[PDB]
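K.L.:
Below are the structure tokens for one structure; questions will follow.
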Amino acid sequence: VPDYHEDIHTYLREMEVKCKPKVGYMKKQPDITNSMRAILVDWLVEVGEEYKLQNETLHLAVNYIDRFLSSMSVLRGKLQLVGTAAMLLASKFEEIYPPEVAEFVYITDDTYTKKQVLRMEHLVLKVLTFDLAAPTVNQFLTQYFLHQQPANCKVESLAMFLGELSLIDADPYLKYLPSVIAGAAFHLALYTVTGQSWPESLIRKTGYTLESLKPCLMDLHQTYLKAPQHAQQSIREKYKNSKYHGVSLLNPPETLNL
Amino acid sequence: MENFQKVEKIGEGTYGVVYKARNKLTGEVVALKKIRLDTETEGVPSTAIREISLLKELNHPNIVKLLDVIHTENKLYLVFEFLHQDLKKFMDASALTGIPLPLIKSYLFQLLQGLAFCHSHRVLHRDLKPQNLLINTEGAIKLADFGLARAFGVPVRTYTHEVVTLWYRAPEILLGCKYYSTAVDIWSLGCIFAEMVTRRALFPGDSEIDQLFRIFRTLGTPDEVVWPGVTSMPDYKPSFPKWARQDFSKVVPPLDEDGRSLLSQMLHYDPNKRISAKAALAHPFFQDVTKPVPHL
Ligand SMILES: NS(=O)(=O)c1ccc(Nc2cc(OC3CCCCC3)nc3ncnn23)cc1
């Protein structure tokens, strides 16, 4: 338990409310859909795998994208360009060795120029007014992980897996705060692997009961149950490897009894 | 951008150049940082993404305030509250007389308050030194230049190694530890506390191994007893000379019992024993703390 962990947790809980996108932004986007956003996020999972990027970077890019699309109408042919710039900005924020701009140009298979990517980067910065230090599901998850008795790596890996699936589907997950999704994901992974439940220490820390996590739990369980039939599969493939202990191969429990 | 009249250059830090300027219209005096973007290459530098985003949420009396970001397409400009002097120039201007102990106390208290705020908002500054600490005429001191800062996680992860100015750089970095956190910032303040007391830099090496030796020669060569793990650290060598710990009453003679207590806790070899900024605020060294105004 590190020196400032309770303070940071409290501050993150303050910032996650200030860093949220508009819930129903997609409904006023005349050209793009939730379905195209799923394609984009799924591709970005692929990109992160290819360049060995932190999962935190993935999470930041999606936050940037959702905040950006909340205030800018974007045409389908330019959606990928927003995401690439988002990824580039997340990498520069989070990574020790961000990939170069030429590498982000190269993975769009030359759909965009280097010029376009740098201009979008500048435009994203303006729209986000340089506020890039967003709280992510990932940040709350790693904090929750410290209240585990003891560390179960399959729980940890499975919770990351569930928290990542939530990035793909804007409806419904845009309704839930990151701290809430993380809780839902922590509980669902715990239950699945060991049978245990959202522990008392987390109820104390977050103020979250199983009752407050219910609505998000109900959604995440559906998402988990249907994951093998989803149009987008990069995350399931990601979490099939041994580095993640093959947790996406595990069976979701049929009921949660909540 | 046209409202600003540049007066002079006042610094050049981790990146870009900083000017003293005046708002032609309001008369406010500010510090203007210029970052060139020269389009063709790599975009906005990560050093600036980090500094701006972090400073946007580091609003505290002991941190320099970011007032505005003026973002042209050719350049990027940061507007800061103006501070007239850094601690280095102040320490030179009182080489002979020394800084009065109340002023040392208060500056340290204030620096700890500003650093606690950072750590508690999950930011590591990673470049604390006398020329990055800015003073005004009213008795305040503030942390500046967040160019080398980052947002850390719980728990931490491997971060960049090429970090902190040589003289102020904690041993876990010099010796190559997988991991470092908030403790590296405290080591730097320990160094700075000492420098304020004696007039001279504490460990002024000119290479990594020279820096190590200088630390060793003062604090004693570290071993398993004092720092469980040293001898198994990546850049630790068995052939390091074994110097004995010098006595604090010779390292830092003007300090009383409370100050040596505090200084030794900021300078523990083991990062897990190194005092926190928040815990340091509670130290008896600070019970009689005031807000002295320099003869400035
Ligand atoms: N050289 S000095 O007279 O002691 C001096 C030092 C600093 C300043 N002011 C200053 C200098 C400065 O420089 C940057 C880059 C160099 C390291 C410190 C931060 N950034 C700033 N933000 C607000 N005031 N301010 C003015 C004079």
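Residues are named by chain letter and number: chains run A, B, ... in the order of the structure tokens, numbers start at 1 in each chain, and ligands are numbered from 1 in the order shown.
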Taking only C-alpha atoms into account, report as a compact mmCIF listing (two decimals) with N, CA and C atoms, in the first residue's frame which residues of chain B lie within 8 Å of chain A.

P.N.:
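Saved the output as iface00.txt:
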# COMPACT_ATOMS: atom_id res chain seq x y z
N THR B 39 6.59 22.46 -38.14
CA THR B 39 5.68 21.34 -38.48
C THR B 39 6.24 19.97 -38.93
N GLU B 40 7.04 19.95 -40.00
CA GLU B 40 7.42 18.73 -40.74
C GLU B 40 7.71 17.41 -39.98
N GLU B 42 7.62 15.87 -35.82
CA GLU B 42 7.10 14.92 -34.83
C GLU B 42 5.90 15.38 -34.02
N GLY B 43 5.41 16.59 -34.31
CA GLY B 43 4.23 17.13 -33.65
C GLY B 43 4.58 17.82 -32.36
N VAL B 44 3.60 17.99 -31.49
CA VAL B 44 3.78 18.62 -30.19
C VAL B 44 4.58 17.67 -29.29
N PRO B 45 5.66 18.16 -28.66
CA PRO B 45 6.56 17.31 -27.87
C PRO B 45 5.90 16.76 -26.60
N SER B 46 6.29 15.56 -26.19
CA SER B 46 5.60 14.90 -25.07
C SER B 46 5.88 15.64 -23.77
N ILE B 49 2.87 18.18 -23.76
CA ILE B 49 1.65 17.45 -23.45
C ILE B 49 1.61 17.21 -21.94
N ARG B 50 2.66 16.59 -21.38
CA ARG B 50 2.72 16.35 -19.94
C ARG B 50 2.67 17.63 -19.10
N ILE B 52 1.65 20.78 -19.66
CA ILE B 52 0.40 21.52 -19.73
C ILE B 52 -0.72 20.75 -19.05
N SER B 53 -0.83 19.45 -19.33
CA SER B 53 -1.99 18.72 -18.83
C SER B 53 -1.95 18.57 -17.32
N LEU B 54 -0.74 18.28 -16.82
CA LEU B 54 -0.49 18.20 -15.39
C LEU B 54 -0.69 19.52 -14.65
N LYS B 56 -2.47 22.07 -15.55
CA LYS B 56 -3.90 22.43 -15.61
C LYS B 56 -4.60 21.99 -14.32
N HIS B 119 2.43 14.83 -5.30
CA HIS B 119 2.36 13.41 -4.98
C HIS B 119 0.92 12.93 -4.73
N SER B 120 0.17 13.70 -3.95
CA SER B 120 -1.21 13.38 -3.66
C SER B 120 -2.15 13.52 -4.86
N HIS B 121 -1.69 14.19 -5.91
CA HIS B 121 -2.43 14.21 -7.18
C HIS B 121 -1.73 13.36 -8.21
N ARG B 122 -1.08 12.31 -7.73
CA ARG B 122 -0.32 11.37 -8.55
C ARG B 122 0.59 11.99 -9.64
N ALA B 151 2.53 11.51 -14.65
CA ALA B 151 1.44 11.01 -13.79
C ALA B 151 1.79 9.58 -13.48
N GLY B 153 1.20 5.74 -11.39
CA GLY B 153 0.09 4.86 -11.09
C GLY B 153 0.28 4.14 -9.78
N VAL B 154 -0.81 3.59 -9.28
CA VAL B 154 -0.81 2.77 -8.07
C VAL B 154 -1.15 1.34 -8.52
N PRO B 155 -0.18 0.43 -8.48
CA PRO B 155 1.20 0.72 -8.08
C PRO B 155 2.02 1.25 -9.27
N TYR B 159 9.40 3.62 -15.25
CA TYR B 159 9.33 4.91 -15.94
C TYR B 159 10.66 5.27 -16.59
N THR B 160 10.75 6.41 -17.25
CA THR B 160 12.03 6.75 -17.87
C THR B 160 13.18 6.82 -16.85
N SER B 276 7.80 10.85 3.68
CA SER B 276 6.92 11.36 2.63
C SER B 276 6.83 12.87 2.78

K.L.:
Excluding residue 281 of chain B and its own-chain neighbours fewer than 2 positions away, which residues fall within 12 Å of it when counting only C-alpha atoms? Please give them as a list in words.

P.N.:
residues 105, 106, 108, 109, 110, 111, 112, 113, 114, 115, 116, 117, 262, 275, 276, 277, 278, 279, 283, 284, 285, 286, 287 and 289 of chain B

K.L.:
Keeping only N, CA and C atoms, take the residues you just selected and write them out as a JSON list (two decimals), in the first residue's frame.

P.N.:
[["chain", "number", "residue", "atom", "x", "y", "z"],
["B", 105, "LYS", "N", 13.41, 27.31, 7.20],
["B", 105, "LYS", "CA", 12.28, 26.56, 7.71],
["B", 105, "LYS", "C", 11.05, 26.78, 6.82],
["B", 106, "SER", "N", 10.72, 28.05, 6.60],
["B", 106, "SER", "CA", 9.52, 28.40, 5.91],
["B", 106, "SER", "C", 9.56, 27.99, 4.45],
["B", 108, "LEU", "N", 11.31, 25.51, 3.14],
["B", 108, "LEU", "CA", 11.18, 24.04, 3.21],
["B", 108, "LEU", "C", 9.75, 23.58, 3.45],
["B", 109, "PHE", "N", 9.10, 24.18, 4.45],
["B", 109, "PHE", "CA", 7.68, 23.93, 4.74],
["B", 109, "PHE", "C", 6.84, 24.15, 3.48],
["B", 110, "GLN", "N", 7.04, 25.30, 2.85],
["B", 110, "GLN", "CA", 6.31, 25.59, 1.64],
["B", 110, "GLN", "C", 6.62, 24.62, 0.50],
["B", 111, "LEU", "N", 7.89, 24.25, 0.30],
["B", 111, "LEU", "CA", 8.26, 23.31, -0.77],
["B", 111, "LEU", "C", 7.65, 21.92, -0.54],
["B", 112, "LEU", "N", 7.64, 21.50, 0.73],
["B", 112, "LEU", "CA", 7.01, 20.25, 1.12],
["B", 112, "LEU", "C", 5.50, 20.28, 0.87],
["B", 113, "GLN", "N", 4.86, 21.43, 1.13],
["B", 113, "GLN", "CA", 3.42, 21.60, 0.91],
["B", 113, "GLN", "C", 3.07, 21.51, -0.57],
["B", 114, "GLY", "N", 3.86, 22.17, -1.42],
["B", 114, "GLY", "CA", 3.70, 22.06, -2.86],
["B", 114, "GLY", "C", 3.99, 20.67, -3.41],
["B", 115, "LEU", "N", 4.95, 19.97, -2.80],
["B", 115, "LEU", "CA", 5.30, 18.65, -3.31],
["B", 115, "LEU", "C", 4.28, 17.61, -2.88],
["B", 116, "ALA", "N", 3.71, 17.81, -1.69],
["B", 116, "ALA", "CA", 2.72, 16.87, -1.18],
["B", 116, "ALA", "C", 1.50, 16.91, -2.09],
["B", 117, "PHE", "N", 1.16, 18.11, -2.53],
["B", 117, "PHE", "CA", 0.03, 18.33, -3.38],
["B", 117, "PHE", "C", 0.22, 17.56, -4.69],
["B", 262, "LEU", "N", 15.20, 15.49, 10.44],
["B", 262, "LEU", "CA", 14.46, 15.64, 9.21],
["B", 262, "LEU", "C", 15.36, 15.35, 8.02],
["B", 275, "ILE", "N", 11.15, 9.43, 4.17],
["B", 275, "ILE", "CA", 9.93, 10.16, 4.63],
["B", 275, "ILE", "C", 9.09, 10.68, 3.46],
["B", 276, "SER", "N", 7.80, 10.85, 3.68],
["B", 276, "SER", "CA", 6.92, 11.36, 2.63],
["B", 276, "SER", "C", 6.83, 12.87, 2.78],
["B", 277, "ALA", "N", 6.38, 13.57, 1.74],
["B", 277, "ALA", "CA", 6.18, 15.03, 1.87],
["B", 277, "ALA", "C", 5.15, 15.39, 2.95],
["B", 278, "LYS", "N", 3.99, 14.71, 2.95],
["B", 278, "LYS", "CA", 2.92, 14.89, 3.94],
["B", 278, "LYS", "C", 3.40, 14.55, 5.37],
["B", 279, "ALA", "N", 4.12, 13.45, 5.52],
["B", 279, "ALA", "CA", 4.60, 13.07, 6.85],
["B", 279, "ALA", "C", 5.63, 14.07, 7.34],
["B", 283, "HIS", "N", 6.58, 17.07, 11.12],
["B", 283, "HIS", "CA", 7.81, 16.99, 11.87],
["B", 283, "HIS", "C", 7.98, 18.17, 12.82],
["B", 284, "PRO", "N", 8.48, 17.91, 14.03],
["B", 284, "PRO", "CA", 8.77, 18.97, 15.01],
["B", 284, "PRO", "C", 9.66, 20.09, 14.51],
["B", 285, "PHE", "N", 10.44, 19.87, 13.47],
["B", 285, "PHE", "CA", 11.23, 20.96, 12.90],
["B", 285, "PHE", "C", 10.34, 22.15, 12.51],
["B", 286, "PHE", "N", 9.09, 21.86, 12.18],
["B", 286, "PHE", "CA", 8.16, 22.88, 11.69],
["B", 286, "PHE", "C", 7.19, 23.49, 12.71],
["B", 287, "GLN", "N", 7.31, 23.15, 13.99],
["B", 287, "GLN", "CA", 6.31, 23.61, 14.95],
["B", 287, "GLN", "C", 6.28, 25.14, 15.09],
["B", 289, "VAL", "N", 7.09, 27.45, 12.79],
["B", 289, "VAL", "CA", 7.28, 27.99, 11.43],
["B", 289, "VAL", "C", 6.51, 29.31, 11.19]]

K.L.:
Step by step, measure atom-to-atom distances between ligand 1 and each residue using only C-alpha atoms and all ligand atoms, keep those at most 6 Å, then write them as a list in words.

P.N.:
residues 10, 11, 12, 13, 18, 31, 80, 81, 82, 83, 84, 85, 86, 89, 131, 132, 144 and 145 of chain B

K.L.:
What are the nearest atom pairs, with distances in Å to one decimal, for all residues of segment 38-100 of chain B that come at most 12 Å from segment 200-220 of chain B, using only C-alpha atoms, set out by chain and rising residue number as a Markdown table?

P.N.:
| residue | atom | partner | partner_atom | distance |
| --- | --- | --- | --- | --- |
| B:88 | CA | B:201 | CA | 10.3 |
| B:91 | CA | B:200 | CA | 8.8 |
| B:92 | CA | B:200 | CA | 9.3 |
| B:94 | CA | B:200 | CA | 11.2 |
| B:95 | CA | B:200 | CA | 8.5 |
| B:96 | CA | B:200 | CA | 11.2 |
| B:98 | CA | B:200 | CA | 10.5 |

K.L.:
Enumerate the residues of segment 214-256 of chain A with a DSSP assignment of alpha helix (DSSP H), computed from the backbone, and present them as a count of residues only.

P.N.:
18

K.L.:
Closest to residue 170 of chain A among A:219, A:109, A:49, A:14, using only C-alpha atoms?

P.N.:
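Under the stated criterion, the closest residue is A:219.
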